[PDB]
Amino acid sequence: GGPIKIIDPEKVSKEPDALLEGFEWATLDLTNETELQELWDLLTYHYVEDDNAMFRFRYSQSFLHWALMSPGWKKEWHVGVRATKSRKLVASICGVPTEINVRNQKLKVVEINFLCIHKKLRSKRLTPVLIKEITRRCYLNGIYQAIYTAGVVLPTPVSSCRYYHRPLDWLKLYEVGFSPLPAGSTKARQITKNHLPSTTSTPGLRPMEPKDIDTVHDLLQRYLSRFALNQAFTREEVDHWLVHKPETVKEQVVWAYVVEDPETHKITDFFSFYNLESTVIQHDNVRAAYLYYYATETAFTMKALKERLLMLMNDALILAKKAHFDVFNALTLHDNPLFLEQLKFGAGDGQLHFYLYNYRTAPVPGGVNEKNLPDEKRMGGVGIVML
């Protein structure tokens, strides 16, 4: 594996390509509230929908702040297109920097996210234009590789993972057409099936605190090192992505929990999940929690891993329900296939395909077999979660 081509610093153009008549490039400043609102306005009405046009992702402004101003961020990688006359923001494409491990090679990359074009400008081949411009702005900052995730199949995916969904409020989900009433059943029965204990069971479980950063950082890195493709977390990245700052973030987006051993008081496990609503195109919102990063000391010894994950993740479900989330989403990546079925996650129609730009490596297993169902012998591949 390795880079596909070497970029000649000397030949990177200082000026962007031309755009469709009536439109112009605009760097976004997401520290400006009005511009943050503008991006929110665009995504809210024009971002990812399901195939049935029932749901649309509704990233919050707090989520956008958190996702796009992570450690090392640069406004130059928050790319917009405006209408010249009205000034309206009509397209976007964004990146943030991070380091990844691809089979034990560390790479400096940008994660690409929030590619969006206003419905009225679709199917004009603007996308390749947006991609080329953010590529140019990255090349200018000495970054020549990218990773991204997509719901559609494009050239040479590195992996594919299937979405799974654990109902927390089944009735709400049924109500908005997310979950159906199977057939011979009743609401009462579906509610019973999905009912969850009132309290967590794992001893020492508590909300992560800033004091936990160093030891969570070390445990996470050891755990993720067990995957061919993974995110190479720095200390600042643990602070940013994992510890919610209530004093400065009124709308919480990340929940993280640690298990502090009753005896050693060392943290021995942790898990986290984030808040991403969907607008119900027509109630008006599905409040979904997504599983994010987790780690357990048990990984390093088996089959105690499955057993430990069953404990932690059922606790994660309890905590999410307690925080009023409607559903708990997870993909077949990390060691997730160990617990999805047994904790009653239902298989989803959604598939997330993973891609690298300007880097060649063999395909990596995505937690499923050729039938697109979870497989314990198909893990160890994908250890990176994108938002």
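Note that residue numbering begins at 1 and tracks the sequence as displayed. Only the largest set of C-alpha atoms that superpose within 1.5 Å between the two forms is called the rigid core.
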Problem set entry | Higher-deviation segment by CA RMS in 8 other deposited structures of this protein, core fitted, 51-59 or 38-46 | 51-59
Seminar exercise, completed: Between 194-202 and 178-186, the one drifting more in C-alpha RMS in 8 other deposited structures of this protein once the core is aligned is 178-186
For this session: Would you mind checking whether any residues of the deposited sequence sit unmodelled between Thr192 and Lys193, and how many (none, 1 to 3, 4 to 9, 10 or more)?
Result: none
Exercise. How many missing residues of the deposited sequence lie between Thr301 and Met302 in the entry, grouped as none, 1 to 3, 4 to 9, or 10 or more?
Worked result: 1 to 3
Seminar exercise, completed: The stretch whose C-alpha atoms carry the larger average B-factor in the entry, 266-274 or 172-180, is 172-180
Exercise. Between 119-127 and 241-249, which has the larger average Cα B-factor in the PDB entry?
Worked result: 241-249
For this session: Have a look at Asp335, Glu49, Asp349, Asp29 and flag the one whose Cα has the highest B-factor in the entry.
Result: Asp349
Seminar exercise, completed: Based on the PDB entry, the highest CA temperature factor among the options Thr98, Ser201, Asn113, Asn101 is that of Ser201
Exercise. Split the chain's modelled residues into thirds by Cα B-factor; is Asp261 in the lowest, middle or highest one?
Worked result: highest
For this session: Would you mind checking where the Cα B-factor of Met208 ranks among the modelled residues of its chain, as the lowest, middle or highest third?
Result: middle
Exercise. How does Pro16 rank on Cα B-factor within its chain, lowest, middle or highest third?
Worked result: middle
Problem set entry | Chain-relative CA temperature factor third for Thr135 | lowest
For this session: Just say lowest, middle or highest third for the CA B-factor of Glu341 relative to the other modelled residues in its chain.
Result: highest
